[PDB]
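Have a look at the structure below, then the notes.
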Ligand SMILES: [Zn+2]
Ligand SMILES: [Zn+2]
Ligand SMILES: [Zn+2]
Ligand SMILES: [Zn+2]
Ligand SMILES: [Zn+2]
Ligand SMILES: [Zn+2]
Ligand SMILES: [Zn+2]
Ligand SMILES: [Zn+2]
Ligand SMILES: [Zn+2]
Ligand SMILES: [Zn+2]
Ligand SMILES: [Zn+2]
Ligand SMILES: [Zn+2]
Ligand SMILES: [Zn+2]
């Protein structure tokens, strides 16, 4: 039908329908820790997710999204490299077919098993739709997932995945607390970039956490049981839904830490 | 935030974002039975729905759709005005807030309480996506609903509507037999037209059945309990989701019957 992560509609081909794919501020990128220099003027990141109001979970054929009530400053991101206030709208993941791949961003070319993206939009622009049209419209907080101990806070998400196996399925998903998806340290890298999926708009201040979270082999396995396809179409397992690293070009990646 | 059937985003305004709304082959139309002349060269309609494989039912914020497995020539429409073979992909309805309105097509200006649309695409083009780009890409079989005796075959659909009350909700809907939604006679009118919702593409051969089906006041009342809005958004009842009759212009409506 349209773009995806397969042999013929995958990242390598997105440029055909989405010429910005070859743009100047594309994401993700490889974070080289020898050239991503500590910038002492970067403020600490302020994550306020205590009052986060989750609404639903859905399979859109590309990943699964947990969506939030973003009608108010309830769950917000502030500080770090950000001017003003960015509201949490949704989170989702990218993951691999094998533990050795799955993340979008890489660190010294190292790939993680998965990457969590918490998507926020700039309240200066009134709504998400207007925010995405601006170079400072979104802030995506990127968090690496490594295989290890189970993430207690992830368990509620994993539990409900059998009810959204196929494209277009959704379920009610209230009283989820996204704080349980964070690591201890909020040390980060940051750079100006893009959405990692079509339409690939260059509207994102990327904030990628240094510290990965630990998830269990079982939690990630449940991700890999999702389907790219709709119910009744041929089975195509939702795996390897990551875009590889793109050229940094004339951009600097700044580190919050030494 | 986009097109709909309300005061400010309704059919009267669709021309703003969708200039084809004022095009030459727009649907629906009023079927004037004094000018819609019997054409003895029209073949009888062949409806083959015996092997129809229904998949799911969903609320897309505009109507509810029952979708079908269209990977094979299993549920097809042939003959009548059609060249070749058209596959059933989905059906849906348009209805009113009151019994005296709701249909898209009208017959001598008479409005029915609701209208059923069975949507088929031309197998010559390989898939629906390619078919909609062609003037002969789709065939929509239009069936009027009048208030009267309950339609036994409609009951299974009505039953499951409480589980898809709001926008974005879907449910599994297998082993539905669409033959139960047909009248006895397959006498029809036909004319070249368009989708009655945005993007309003001019790709439809319309086949509208003369004989309405009878549904109960209770069956239609269940339709009117649906919501245009998503779960938790302010309630806007899914009623009066019809486009009024558009100008016929330089088109002829042909009747299969005398
Ligand atoms: Zn190319
Ligand atoms: Zn290096
Ligand atoms: Zn070095
Ligand atoms: Zn180096
Ligand atoms: Zn898509
Ligand atoms: Zn919102
Ligand atoms: Zn992402
Ligand atoms: Zn609910
Ligand atoms: Zn495929
Ligand atoms: Zn106007
Ligand atoms: Zn819509
Ligand atoms: Zn299909
Ligand atoms: Zn319709």
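Residue numbering in chain B adheres to Swiss-Prot, whereby the residues present occupy positions 3-260 in order.
Per deposition record, X-ray crystallography, 2.2 Å.
Backbone N, Cα and C define each Cβ position, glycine as well.
What Swiss-Prot annotates here:
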type	residues	note
DOMAIN	B:3-259	domain 'Alpha-carbonic anhydrase'
SITE	B:7	site 'Fine-tunes the proton-transfer properties of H-64'
SITE	B:62	site 'Fine-tunes the proton-transfer properties of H-64'
ACT_SITE	B:64	active site, proton donor/acceptor
SITE	B:67	site 'Fine-tunes the proton-transfer properties of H-64'
BINDING	B:94, B:96, B:119	Zn(2+) binding site
MOD_RES	B:165	phosphoserine
MOD_RES	B:172	phosphoserine
BINDING	B:198, B:199	substrate binding site
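Feature map: Swiss-Prot annotations on the structure.
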residue: B:7; record: site 'Fine-tunes the proton-transfer properties of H-64'; contacts (Cβ under 8 Å, 6+ apart): B:13, B:64, B:230, B:242, B:243, B:244
residue: B:62; record: site 'Fine-tunes the proton-transfer properties of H-64'; contacts (Cβ under 8 Å, 6+ apart): B:169, B:170
residue: B:67; record: site 'Fine-tunes the proton-transfer properties of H-64'; contacts (Cβ under 8 Å, 6+ apart): B:59, B:60, B:92, B:93, B:94
residue: B:119; record: Zn(2+) binding site; contacts (Cβ under 8 Å, 6+ apart): B:93, B:94, B:95, B:96, B:106, B:142, B:143, B:144, B:145, B:198
residue: B:165; record: phosphoserine; contacts (Cβ under 8 Å, 6+ apart): B:171, B:173
residue: B:172; record: phosphoserine; contacts (Cβ under 8 Å, 6+ apart): B:58, B:59, B:60, B:61, B:166
residue: B:199; record: substrate binding site; contacts (Cβ under 8 Å, 6+ apart): B:5, B:64, B:245
Cβ neighbours of residue B:94 (Zn(2+) binding site) where a neighbour is any other Cβ within 10 Å: 20
Assigned conformation of residue B:172 (phosphoserine) - DSSP reduced to three states: strand
Residue B:64 (active site, proton donor/acceptor), number of other Cβ atoms within 10 Å: 18
Against chain A, in sequence order - recorded positions B:94, B:96, B:165, B:172, B:199 with Cβ under 8 Å: B:172
Neighbourhood of ligand 13 - recorded positions from B:7, B:64, B:67, B:165 with Cβ under 6 Å: none
Structural state of residue B:199 (substrate binding site), classified by DSSP into three states: coil
Neighbouring C-beta atoms (10 Å sphere around the C-beta of residue B:198 (substrate binding site)): 24
Residues close to Zn(2+) site centre defined by B:94, B:96, B:119, Cβ within 8 Å: B:65, B:93, B:95, B:106, B:117, B:118, B:198
Assigned conformation of residue B:64 (active site, proton donor/acceptor) - DSSP reduced to three states: coil
C-beta crowding around residue B:96 (Zn(2+) binding site), within 10 angstroms: 26
Per DSSP, three-state class assigned to residue B:7 (site 'Fine-tunes the proton-transfer properties of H-64'): coil
